[PDB]
């Protein structure tokens, strides 16, 4: 079959920034001890993959991007015990090693084995498993899912329900868990509260769902693209506003609309201005502002400390606060039990080969979550 042997498959390689994805033939090496080789079934296009392409997120190039996915274990390396071939799995962009200070803390999830802080672009052992034209290709967030087959560390993969529809549940790999957890875990939206969500893509809309689920009484959705309004309202938004319709700065508008400011603001775009407006629109005395969007590299915000002194809370989080390996499978169970649906988010489905077309949809703002099938 393929276990123990090198696999030669297709992968979308980014050789340089601001350049189209090149579909190459790569050699995927067999998994070492404590690694799992996965056969991809469905991958979602997260903006963070785009952040690398536009040059806003730095990470070693050439590289195989992708981190929102679902697939089947092709083989496991010696030592692997949490999963076996044929198992349906979801690769996790933030591992859960279970040994570190962070992992052993019940309230934090940014595991110390991540590759976000200082991007080595390798697996946890400091080595790569891809080769294209003889040249070694870097991994992204230790998942590199834009490939027919990838190898990830064991603590970076979760075994999910065998009955899970992979083309739906892959969104739980990032988009959904990130947005839903931001509301539910990170901010911890109280019942009867008012929330404002800035940005309405797959992640932001999921944040709307999580606010709805938290029992928020009012959910104001903000986006400059009005086409997103139908979905937003459908998912729980009590009202949607377009900053371009006003002469006043977005935060004053919200302050006036909510008797002084929302209780929870969510920045789910990744811009300095929306991050500021987001902190500004929540009530000075009892507002919590949560940053979900990923900021452009080495950009700084100028903030007057007095904004926080009155009683505001500013915080950010990766993966919606979910301890990865432990939390994702549970969200899949919730999906199976029909606790929430992912159908409104998936607007486009294309074959992996059309990956570039997928990104064009994101750029045009015509798509929410686009899924690539292998």
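Numbering follows the first chain given and starts at 1.
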Check your understanding: Between 201-209 and 75-83, which has the larger average Cα B-factor in the PDB entry?
Key -> 75-83
Review point. For the stretches 265-273 and 99-107, which has the higher mean C-alpha B-factor as given in the deposited record?
Key: 99-107
Revision key, fill the gap. Highest CA B factor of 245, 223, 115, 153, as deposited, is found at 245
Exercise for review: Could you say which of 44, 329, 62, 320 has its CA atom at the highest B factor, as listed in the PDB entry?
Suggested key: 329
Point to revise | Ranked C-alpha temperature factor of residue 183 among modelled chain residues, by third | key: middle
Check your understanding: What third of the chain, by the recorded C-alpha B-factor, contains residue 305?
Key -> middle
Exercise for review: Just say lowest, middle or highest third for the CA B-factor of residue 68 relative to the other modelled residues in its chain.
Suggested key: lowest
Check your understanding: Among the modelled residues of its chain, does the C-alpha B-factor of residue 348 lie in the lowest, middle or highest third?
Key -> middle
Point to revise | residue 191 by Cα B-factor - lowest, middle or highest third of the modelled chain | key: highest
